[PDB]
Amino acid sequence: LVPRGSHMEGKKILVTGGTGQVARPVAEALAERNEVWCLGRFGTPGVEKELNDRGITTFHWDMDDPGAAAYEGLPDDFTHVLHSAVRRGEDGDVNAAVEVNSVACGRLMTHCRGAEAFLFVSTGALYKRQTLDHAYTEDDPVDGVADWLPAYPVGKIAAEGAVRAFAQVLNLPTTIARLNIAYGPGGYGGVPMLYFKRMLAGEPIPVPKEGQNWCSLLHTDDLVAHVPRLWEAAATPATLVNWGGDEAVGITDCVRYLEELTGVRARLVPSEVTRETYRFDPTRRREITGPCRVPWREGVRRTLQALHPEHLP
């Protein structure tokens, strides 16, 4: 039993994507005992205020500004950087996804070239499909294919190229962590709660025509604990790691568990295109972080208790 603020102390941390599902808990945890700055647009009313109240310095910063003006007034003595902000490309503009994310990586790394470690969050969506249940490793083939969000993996391959190159040119120790499905009791709860909201609405949930999709769910409390360890593993050349939990979780199994807990019935629709998650081989991540602690059934149950308690018996 140890407070999560004790994972790291006395540092000066820059976080992008600090309003988001992944990096907000990291920024909040690290703000207790470190100086934490969150850079973003803060378009959601009240979020900047909550971050400020929770001890975080906020700085307006928009990746869509192509010039360098976005960095005026930003300190250059951060020790640690988490770059989690993303333009996924839902609008289908693949050139914009490539340009905006890649240039932001280069400008941010250059600004923070004196830092001890830079952590870039990426995705497993860029893996080439083998089978739906395969445990993807860091060396498995890559393609730019995600039918559910086509521009997203392409933008991430481009950004990873920029990150690798700047890590070497600047001699800035870096980790590229290809993240799996994050979930937890903050925000909107992650993909598991997106599917629960579809269940409540009677909206169809696309599933594969053969088999089910698989993932390596990663709970917030484990994700937060891993960040200091991922910084410690940063290197030149950049360290690459598939970042997921320790349990293989079937997506349809997760939906069935939501049904069991709540009594709400799901509508599964076999489809050519699904939200195509993958599970990861946890070998390399475990080498860096040690084992995860939160079992997924316990974690999902408590996420429901936090965000949808009225639907639990």
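So that there is no doubt, residue numbering starts at 1 and follows the sequence shown.
K.L.:
Do the CA atoms of 178-186 or those of 131-139 have the higher mean B-factor in the entry?
P.N.:
Result of the comparison: 131-139.
K.L.:
Which is higher on mean Cα B factor in this entry, 221-229 or 199-207?
P.N.:
Between 199-207 and 221-229, it is 199-207.
K.L.:
Per the entry, which of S216, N101, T79, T236 tops the list for Cα B factor?
P.N.:
Highest C-alpha B-factor among the listed options: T236.
K.L.:
Taking the values straight from the PDB record, which of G106, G161, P173, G144 has the highest C-alpha temperature factor?
P.N.:
It is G144.
K.L.:
Give the position of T303 by CA B-factor within its chain, expressed as the lowest, middle or highest third.
P.N.:
It falls in the middle third of the chain.
K.L.:
Determine, from the deposited record, the chain-internal third of the Cα B-factor for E287: lowest, middle or highest.
P.N.:
Top third by C-alpha B-factor.
K.L.:
Using the B-factor values recorded in the entry, state whether the Cα atom of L149 falls in the lowest, middle or highest third among the modelled residues of its chain.
P.N.:
It belongs to the middle third of the chain when residues are ordered by C-alpha B-factor.
K.L.:
Sort the modelled residues of this chain by their C-alpha B factor and say whether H60 lands in the lowest, middle or highest third.
P.N.:
Middle third of the chain for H60's C-alpha B-factor.
K.L.:
Quick one: classify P192 as lowest, middle or highest third of the chain based on its Cα B-factor.
P.N.:
Middle third by C-alpha B-factor.
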